[PDB]
Amino acid sequence: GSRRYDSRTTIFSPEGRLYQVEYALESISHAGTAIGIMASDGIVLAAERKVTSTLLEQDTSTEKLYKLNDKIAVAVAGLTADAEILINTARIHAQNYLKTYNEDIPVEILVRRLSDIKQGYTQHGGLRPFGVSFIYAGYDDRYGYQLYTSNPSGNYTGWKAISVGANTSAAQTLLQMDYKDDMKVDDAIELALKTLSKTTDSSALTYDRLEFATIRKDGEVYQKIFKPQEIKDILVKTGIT
Amino acid sequence: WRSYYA
Amino acid sequence: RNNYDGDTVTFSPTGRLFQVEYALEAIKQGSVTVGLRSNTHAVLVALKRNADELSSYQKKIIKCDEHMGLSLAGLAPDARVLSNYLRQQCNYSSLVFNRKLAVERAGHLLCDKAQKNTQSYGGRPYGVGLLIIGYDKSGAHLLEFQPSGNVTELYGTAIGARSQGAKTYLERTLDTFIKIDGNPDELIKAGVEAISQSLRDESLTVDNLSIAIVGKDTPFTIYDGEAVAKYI
Amino acid sequence: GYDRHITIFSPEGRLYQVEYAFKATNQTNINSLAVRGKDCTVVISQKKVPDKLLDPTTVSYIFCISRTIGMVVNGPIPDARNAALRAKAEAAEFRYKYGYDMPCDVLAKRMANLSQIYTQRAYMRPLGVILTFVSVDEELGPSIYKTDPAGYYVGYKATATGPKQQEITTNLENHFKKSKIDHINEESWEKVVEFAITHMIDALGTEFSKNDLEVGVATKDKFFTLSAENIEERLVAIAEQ
Amino acid sequence: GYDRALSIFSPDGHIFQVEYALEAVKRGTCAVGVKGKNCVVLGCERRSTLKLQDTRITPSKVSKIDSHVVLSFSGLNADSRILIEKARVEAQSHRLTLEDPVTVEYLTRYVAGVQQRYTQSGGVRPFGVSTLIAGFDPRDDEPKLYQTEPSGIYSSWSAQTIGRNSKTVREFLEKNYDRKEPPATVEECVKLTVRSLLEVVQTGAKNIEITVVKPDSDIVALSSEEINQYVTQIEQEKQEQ
Amino acid sequence: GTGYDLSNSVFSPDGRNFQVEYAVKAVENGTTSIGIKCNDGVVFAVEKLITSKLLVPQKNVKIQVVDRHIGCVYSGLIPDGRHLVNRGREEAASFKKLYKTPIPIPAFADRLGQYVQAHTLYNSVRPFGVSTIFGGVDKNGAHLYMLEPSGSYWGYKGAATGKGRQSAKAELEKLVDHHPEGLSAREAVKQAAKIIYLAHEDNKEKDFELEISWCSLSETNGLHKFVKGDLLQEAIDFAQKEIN
Amino acid sequence: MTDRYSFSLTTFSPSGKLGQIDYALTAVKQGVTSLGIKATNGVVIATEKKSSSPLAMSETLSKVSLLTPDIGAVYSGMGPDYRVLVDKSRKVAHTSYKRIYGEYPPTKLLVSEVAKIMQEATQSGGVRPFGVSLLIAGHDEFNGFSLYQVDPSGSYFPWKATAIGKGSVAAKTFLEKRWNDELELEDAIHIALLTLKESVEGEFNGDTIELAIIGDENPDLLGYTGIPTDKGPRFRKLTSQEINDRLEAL
Amino acid sequence: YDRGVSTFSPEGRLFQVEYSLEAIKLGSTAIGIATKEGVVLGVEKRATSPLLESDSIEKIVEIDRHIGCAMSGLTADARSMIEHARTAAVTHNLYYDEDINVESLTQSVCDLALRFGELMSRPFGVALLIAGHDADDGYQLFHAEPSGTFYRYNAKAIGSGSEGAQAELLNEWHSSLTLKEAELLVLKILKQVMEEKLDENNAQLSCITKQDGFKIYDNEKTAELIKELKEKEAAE
Amino acid sequence: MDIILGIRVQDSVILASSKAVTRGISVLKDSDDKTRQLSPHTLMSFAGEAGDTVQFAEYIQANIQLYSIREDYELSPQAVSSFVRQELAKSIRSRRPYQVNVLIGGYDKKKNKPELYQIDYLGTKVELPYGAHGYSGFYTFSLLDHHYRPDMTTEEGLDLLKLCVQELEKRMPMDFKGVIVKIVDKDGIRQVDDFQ
Ligand SMILES: [Cl-]
Ligand SMILES: [Cl-]
Ligand SMILES: [Cl-]
Ligand SMILES: [Mg+2]
Ligand SMILES: [Mg+2]
């Protein structure tokens with residue numbers, strides 16, 4: 001009947017690769033670069049907007065950094081609309097865990113479930129994968145500041161600093177050079193902005209094409225998503241403007 | 001050839 | 001045939017249904033079996049087939065009620081499915097209406113069961129042919145079931161490989177065996193002759209011959225083995 | 001199979017199955033046109049009975065949907081009766097649920113929306129028909145609303161459908177450009193029926209017998225179809241200028 | 001409900017999706033397990049194609065199922081979670097309903113069964129994973145080691161390896177494991193395991209991890225320092241003339 | 001492009017549904033069968049090829065009844081016909097259960113039509129491989145109808161389908177000339193046997209068996225019955241005479 | 001006889017592209033031009049009511065559509081897709097917001113909700129993406145005026161102004177020149193009419209143009225009085241006359 | 001694939017079924033022989049590596065005390081057929097307070113074989129020798145395939161060696177054989193078609209007798225029988 | 001009306017639970033441990049309708065054990081008591097609700113504080129220094145209200161508890177066949193074997 005038009009989206013290549021996962025990764029590699037760097041006292045999220053016009057409003061725009069929770073945030077690389085689906089199920093799961101145990105969800109358990117969902121679209125149901133990769137920046141009362149990455153396959157791994165989207169072999173090579181285990185938050189901020197300015201497919205790096213967020217240490221943890229002006233400021237302070 | 005038939 | 005035979009939901013540009021036609025090919029590879037009837041009895045003769053010298057002889061005849069039974073040629077599993085459905089209907093008729101299921105009506109029900117599996121995607125036609133005999137309120141009956149769905153009432157016929165031999169013979173013997181009334185041994189003898197016209201390098205034995213009879217005052221009975229010696 | 005077989009986009013951005021569906025609307029080789037009077041609505045459609053063995057009374061493409069709505073179909077009779085039943089149902093349900101009579105335009109919108117669906121869901125083919133709805137709406141006055149296999153619908157001063165659709169439309173355009181109004185300013189529906197048959201003839205370049213046509217009229221009170229005898233009466237008058 | 005048959009037979013009797021699933025296992029980091037006289041050891045490779053990754057939080061390749069049983073794997077990571085979860089759950093249900101923890105064989109047979117169901121169910125692809133499951137039966141001192149593969153087959157091994165370069169490591173093991181006299185101490189069992197990972201890992205102790213299972217729910221993972229002592233001592237046994 | 005005739009609900013670029021047109025081919029290869037409408041009923045008749053003298057005569061009936069007043073006959077894939085008829089029986093029961101009155105003949109036509117049209121809507125089914133002639137007497141006349149795999153149907157004065165359809169149609173068009181003032185139930189039975197015999201010459205290869213049924217307000221009280229026994233022989237005779 | 005298309009009709013190609021989304025965009029590009037402009041005290045959205053027969057009655061068809069009393073939508077691409085999205089959008093603003101909070105949704109959230117519906121046509125079984133882009137403009141108390149664009153992929157972004165459809169590149173460039181962050185509403189209406197003027201070829205008047213504004217509240221359009229705190233509605237479609245009246249001052 | 005799982009080929013065979021038959025041809029060998037003294041099942045273990053503990057190779061299993069089963073092909077496919085048979089035999093005893101007949105239990109297994117389509121996704125890739133005893137038809141051996149069909153054999157061999165091994169059995173089997181005669185006779189044919197030299201580690205024996213039911217021979221017992229065969233052959 | 005008592009001293013938490021099981025007219029057992037270990041530092045006691053009582057308990061047990069192995073981590077006592085309350089609160093509006101009450105005592109190895117939790121079959125949850133279920137509170141709360149000090153030693157707690165038990169033996173119509181006592185502290189769960 002209809003079996004003629006089924007592109008089998010959950011099948012193996014003769015080499016044991018997952019066609020749609022690999023192709024989905026190809027999709028993601030043309031997405032604005034996003035970087036995550038974990039300092040000894042904080043975490044930094046920075047990513048690049050590929051969508052930019054004079055008339056685009058940036059005060060009211062979000063495209064890459066999303067708040068999951070008071071203590072967890074994600075940098076998105078890929079189909080932003082696929083990302084929002086995945087975000088809300090995650091935003092909910094976090095609230096379900098809070099309701100059940102009266103504790104905030106530990107960072108890995110949320111990342112594990114979100115990757116568990118992705119993995120599913122990989123093995124059954126005949127749907128296409130989510131064209132999305134996530135950098136998770138979170139803090140919890142057991143492992144502290146944490147940095148994770150997940151992709152369309154549903155695999156996740158933890159990082160001292162990592163990049164997703166466009167030009168990651170370039171950016172990842174730069175992060176390997178200048179990253180030190182003992183960095184503070186403001187170092188990582190500069191390592192982050194200075195890596196993007198060297199890998200941008202654009203002319204120069206301006207505030208109107210960045211999103212930026214830092215989670216750092218009163219005895220609790222604040223989560224800050226910079227406004228256009230705050231980014232412009234940080235860009236001069238480090239001398240890129 | 002093959003008698004799987006009754 | 002090339003592009004139009006991947007399922008039962010595609011007509012050929014000339015109006016054919018290859019999936020159904022290929023089902024008939026399964027019957028043709030099945031072993032020969034013959035049915036014929038007078039005005040008082042109806043008889044089935046089947047040639048049972050073995051695999052090795054060491055194997056049994058695949059059974060070919062299945063009772064459906066005290067008054068109805070059939071012979072099969074083709075995929076034996078599908079006969080199980082169809083004959084089992086036939087047992088259920090015979091039984092429904094008995095329980096709900098205190099009424100033996102008419103052979104004509106079993107035929108209708110079979111046709112309809114099979115036709116479902118020529119308009120259904122994800123299904124397949126039945127790969128078996130059935131000769132159905134019985135004695136009901138209108139007398140002796142013989143039906144031939146085809147996987148197309150076509151059920152037909154005859155005086156005699158044969159299905160399976162080399163079946164043309166017996167079929168041709170029954171066409172000659174017609175006026176003779178219709179009249180074999182009140183003599184069942186003589187109708188079986190008639191059938192055993194008809195089926196012989198379809199042997200090639202084989203003769204009927206106690207191990208491969210299989211016979212069923214039904215009729216007025218004779219509940220559907222199956223003879224195998226030593227019981228069929230009488231007729232060789 | 002291709003983007004040619006099911007309702008999915010081609011790289012041009014096209015739904016070929018909607019286009020081929022349109023082609024099938026002409027497969028009957030029948031034209032129809034509808035006009036508005038002061039307080040009535042008339043549809044005219046050709047009637048071609050070529051077989052002496054057919055019962056001419058059962059050959060029609062004009063349907064009585066409700067007491068107030070008439071519908072004339074351009075396209076193959078099986079799809080047309082399929083559409084006709086569904087609309088008769090939708091109109092009866094509307095009355096039960098909402099308590100007034102379903103308006104012509106609303107039914108058009110509702111059938112157009114159903115058409116859209118077969119345009120997007122892959123397992124349903126479009127219907128090869130164009131639906132011309134006429135009523136004298138209790139709020140809107142005389143009304144003509146049309147639907148096609150693309151899920152389009154709109155309302156018309158007047159309209160025409162079929163293989164010579166273009167000539168009839170351009171014919172009727174000119175007459176309204178001359179008269180400077182959007183309707184036949186005639187208080188009898190019989191005269192409006194005559195206008196329709198007239199301007200129909202003039203654009204097809206063919207005369208009509210009482211069996212070549214099929215006529216439906218919509219008034220405040222009801223929608224009725226004319227008999228071959230009521231038609232012969234109209235034609236006679238046309239023959240006297 | 002997507003139920004297409006994805007694992008089917010091809011004319012030479014193969015089930016390509018199962019076989020292609022094994023290819024994913026061959027593409028995965030190496031895993032090894034060795035039976036002692038009174039213990040079992042599991043060893044894994046850490047792919048060195050990356051860095052700088054946080055290893056505090058990236059999930060280890062050895063997972064506890066119950067407190068007396070562990071499972072390692074080669075293959076797609078995301079798929080592995082599904083097996084580990086199903087198994088961890090079944091481990092608790094056995095305790096609930098039978099008032100006895102699972103035997104190592106039983107838990108293997110369950111995992112292997114899950115793997116098989118996914119090779120003849122519509123809508124799903126086989127698991128791109130092979131497992132080593134090891135531990136001690138409750139109230140029993142004989143060590144146990146089993147291996148499963150995507151097809152659903154399972155068996156037990158005095159020592160065994162899976163993943164990339166497993167062909168070599170099996171040669172090494174096949175010519176170093178005296179069935180008649182297995183490593184008499186834990187200390188020398190981990191040695192024979194680390195040795196065989198050194199044939200294919202090149203190198204470092206941050207690219208190897210070891211886990212020792214001893215009877216009565218005594219399960220411990222070694223640290224890089226702990227492992228390096230065998231890495232450096234193994235390299236001292238190095239020629240030597 | 002090419003490819004447009006392998007799935008069912010597919011429009012070809014010239015607006016056709018080839019799978020339905022291919023279904024017609026199965027119909028055309030079928031036995032010839034007809035319907036004649038008369039002054040107070042309908043007659044149905046069909047050709048039963050005697051494949052082999054092994055078939056029991058009179059005993060593979062082809063005309064089916066629906067409720068008590070409707071007759072159906074078809075040409076093509078017989079098992080599809082039974083299916084459609086079964087559906088018709090259900091559809092006639094539903095109508096009577098709610099409305100009490102037995103289903104009016106045009107209302108029944110649309111029940112069948114709508115269902116058959118339904119099987120041209122999806123590539124998960126194939127069209128019906130039968131054209132069907134049916135009709136009966138209702139609260140205001142007799143009605144004859146014919147229904148194609150497309151789901152198209154119209155009311156007829158007389159109708160034919162199958163291998164011999166062209167002889168039948170030609171012979172039926174003749175019937176609307178001599179006897180135009182009206183055709184009585186009884187003459188229509190006779191004429192039916194003539195036409196089947198004449199139409200059989202495109203199947204002269206095999207011998208055949210005639211089967212007629214009728215539904216006459218005056219001769220059957222409006223109920224559908226089979227022409228059997230003496231009246232049957234008289235029409236068989238009338239066929240032999242008028243063919244020689 | 002059932003939706004046996006349980007599988008996605010939109011899949012990744014080896015190049016990483018989602019083919020069917022791209023093609024949907026193609027269809028949007030063919031669509032008639034539409035645009036929206038944000039001012040300091042209002043927003044404006046306009047498109048061309050290019051009838052497909054002079055016998056069609058252009059007013060019987062609104063390409064500008066009220067979503068809530070404070071939100072309007074216009075589009076470019078396949079109308080029939082847009083139409084069922086306006087229906088779906090109005091319902092969601094009730095079911096997922098009004099019936100829960102007793103307020104209408106704020107612009108960003110409703111845009112988000114429509115976006116979700118389109119995302120799903122990009123991944124669910126047996127369906128094609130939508131063949132439209134939407135420009136939605138509206139006002140809520142805590143965000144003020146806003147303008148968002150929604151694409152067949154399900155993505156949205158907020159604009160000061162933009163245009164979609166046929167003459168978008170021309171009109172986008174035209175808008176970047178004439179837009180400032182101090183425009184009053186009546187000013188944007190002017191710039192709106194002028195940008196549309198370039199993209200339009202036939203007649204250009206108040207019967208061939210559709211144009212609506214999100215502005216001050218019209219208590220004369222409420223329908224009832226006596227509840228002093230019920231303000232609204234901020235959406236308003238311009239009359240045929242109101243359009244011509246401003247066309248002379250062109 | 002292209003056709004569809006339930007498709008008939010133009011010669012009247014179900015593709016997926018006959019493709020499924022090929023995988024069995026690749027399976028390790030299994031043989032059964034019937035005698036009025038009992039029925040014997042033997043299998044080639046065929047371990048892949050020398051580190052594989054050859055005891056965990058389970059290709060002969062018990063279904064009830066009076067019914068044993070030997071498998072050949074994609075053996076993972078047999079877990080659920082065995083699970084179903086064991087459930088069927090036990091259920092029958094729950095419902096009727098009597099042992100299930102061997103043929104009835106065979107018919108029940110074969111009913112699974114065709115429960116696939118688009119409900120399993122594909123036919124089973126494994127064939128079964130089902131050996132048992134009941135009081136109605138004495139000692140019995142059945143061959144059940146993924147076609148859904150089954151035959152009763154006095155002796156039968158399935159798998160790699162089958163074609164030749166079956167040819168041997170057709171010569172060597174007779175009705176007055178003894179249980180011990182068929183034991184050796186199975187060991188013979190096994191080493192004849194096996195790729196390894198036969199020992200008590202890559203082959204396994206088992207039988208079903210009325211009095212003791214289904215027992216699997218432990219390596220010790222089979223070993224003493226392999227030797228007993230080495231001496232008899234020959235000994236001319 | 002079994003006896004489920006609990007007291008949270010300074011360094012530990014103590015659970016006492018009646019030993020008797022009476023089915024109607026006969027006392028079937030006198031050694032019943034109305035307790036399940038939810039994890040190494042969390043202990044739950046229970047009383048209520050028959051069968052419901054252990055079924056619920058063992059279900060919560062297997063659930064906490066599953067969490068422990070999956071996260072290689074031991075849930076806080078607060079979180080266990082929250083998972084348990086949620087489970088009971090679901091049951092109460094279900095078809096057949098569990099008829100079970102529970103005390104939960106655990107040592108929070110992270111805050112290094114003991115904690116006691118009282119939850120009824122309705123999902124009413126409260127943190128207490130001492131608590132009881134059923135009728136036991138009626139005799140013992142006046143003693144505990146009096147002698148209880150937040151800084152008591154484990155030994156002082158046991159003494160205060162002994163008093164409560166003797167008051168229960170004096171004034172309570174049922175022979176509850178004594179109590180089993182268990183302590184939960186920084187070091188886990190031990191059962192006081194000599195309670196006379
Ligand atoms: Cl209708
Ligand atoms: Cl559980
Ligand atoms: Cl209670
Ligand atoms: Mg939860
Ligand atoms: Mg499954």
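- As deposited, the entry is annotated with X-ray crystallography as its determination method and 3.000 Å as its resolution.

### Considering the overall build of chain A
Argument step 1. Secondary structure assignment for chain A yields 6 helices and 10 strands.
Argument step 2. A compact globule built from 241 residues should have a C-alpha radius of gyration of about 18 Å, and chain A, at 18 Å, falls within 12% of that.
Argument step 3. Counting only C-alpha atoms, chain A reaches 65 × 50 × 35 Å along its principal axes.

### Considering the interface of chain E and chain A
Many analyses report the size of an interface as the accessible area lost when the parts associate.
Argument step 1. In this assembly, 31 residues from chain E lie in contact with 42 residues from chain A.
Argument step 2. When residues of the side of chain E that touches chain A are traced back to their parent elements, those giving at least two are α1 (16-26) and α2 (77-98) of chain E.
Argument step 3. Grouping the amino acids of the side of chain E that touches chain A by side-chain chemistry returns 16 nonpolar, 6 polar and 9 charged.

### Focus: helix α5 (residues 185-199) of chain F
Residue and element names in this part refer to chain F.
Argument step 1. Here α5 contains 15 residues, and its C-alpha end-to-end distance of 21 Å stays within 8% of the 21 Å for a straight helix at 1.5 Å per residue.
Argument step 2. For α5, a buried count of 11 out of 15 residues is recorded, marking the element as mostly surrounded by other parts of the structure.
Argument step 3. On its buried side, α5 packs onto β1 (33-38), β2 (41-50), α4 (165-175), β9 (207-216), β10 (224-227) and α6 (229-243).

### Quick word on the arrangement of the chains
Argument step 1. The interface with the highest contact count, out of 15 pairs of chains in contact, is the one between chains A and E.
Argument step 2. A gap remains between chain C and chain E, with no contact made and the closest C-alpha atoms lying 10 Å from each other.
Argument step 3. The two units chain F and chain I never meet; even their closest C-alpha atoms stay 39 Å apart.

### Remarks on unusual backbone geometry
Argument step 1. Here E:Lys51 and E:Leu52 are connected by a cis peptide whose omega angle stands at 15°.
Argument step 2. Mapping E:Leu52 onto the fold places it in the loop between β2 (40-45) and β3 (62-66).
Argument step 3. Not every positive phi belongs to a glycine, and D:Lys180 is a case in point at roughly 70°.
Argument step 4. In this fold, D:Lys180 is placed in the loop between α4 (165-179) and α5 (189-204).

### Quick notes on the sheet that holds strand β10 (residues 213-216) of chain H
Residue and element names in this part refer to chain H.
Argument step 1. Sheet architecture is open: 5 strands sit in the order β8-β1-β2-β9-β10, paired in antiparallel fashion. Two strands in the sheet have a free side with no partner beyond their single neighbour: β8 (155-158) and β10. The average angle at which neighbouring strand axes cross in this sheet is 10°, direction not considered.
Argument step 2. Bridging between strand β2 (residues 38-44) and strand β9 (residues 203-209) involves 6 bridges; their strand directions are antiparallel. Residue pairing across strands places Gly42 opposite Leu205, the latter belonging to β9.

### Structural notes on a nonpolar patch on the surface
Argument step 1. Among the surface-exposed residues, C:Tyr92, C:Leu95, C:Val96 and C:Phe97 lie close enough to one another that they form a single nonpolar patch of about 480 Å² accessible area.
Argument step 2. Looking at where C:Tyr92 falls in the secondary structure, it is placed in helix α2 (residues 76-97).

### As for the sheet that holds strand β4 (residues 67-73) of chain H
Residues and elements named next belong to chain H.
Argument step 1. Ordered by their spatial adjacency, 5 strands build an open sheet running β3-β4-β5-β6-β7, and the pairing between neighbours is antiparallel. Of all the strands in the sheet, the pair left with one neighbour each is β3 (60-64) and β7 (150-152). Mean inter-strand twist for the sheet, computed between neighbouring axes without regard to direction, equals 25°.
Argument step 2. Of the strand pairs in this sheet, β4 and strand β5 (residues 126-133) are connected by 7 bridges, and their pairing is antiparallel. Residue pairing across strands places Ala70 opposite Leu129, the latter belonging to β5.

### Overview of the pairing of strand β4 (residues 26-29) of chain I
All names here are of chain I.
Argument step 1. Both strand β3 (residues 21-23) and β4 contribute to a ladder of 3 bridges, which runs antiparallel. Paired with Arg23 across the two strands is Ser26, which belongs to β4.
Argument step 2. Connecting β3 to the antiparallel partner β4 that follows it, the hairpin turn spans 2 residues, and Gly24 within it adopts a positive phi of roughly 75°.

Conventions adopted
- Residues numbered from 1 in each chain as written, not as in the entry; some residues may be left out.
- Chains lettered and ligands numbered in written order.
- Part of a larger assembly, values for the part shown.
- Heavy atoms only, no water.
- Residues with missing side-chain atoms left out of burial classes, pairs and counts.
- Helix = DSSP H or I, 4+ residues; strand = E, 2+ residues; numbered from the N terminus.
- Rg over C-alpha atoms; globule rule 2.2 N^0.38 Å.
- Contact = heavy atoms within 4.5 Å.
- Nonpolar A, V, L, I, M, F, W, Y, C, P; charged D, E, K, R; others polar.
- Expected span 1.5 Å × (residues − 1).
- Buried < 20%, exposed > 50% of the residue type's maximum accessible area, 1.4 Å probe, protein only.
- Pairing = 2+ DSSP bridges.
- Axes fitted to C-alpha atoms, helices over the stretch in contact; angles between N-to-C directions.
- Patch = residues over 30% accessible without salt bridge, like charges linked within 9 Å, V, L, I, M, F, W, Y side chains within 5 Å.
- Areas by Shrake-Rupley, 256 points an atom, 1.4 Å probe, with all protein chains shown as cover.
- Salt bridge = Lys/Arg side-chain N within 4 Å of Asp/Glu carboxyl O.

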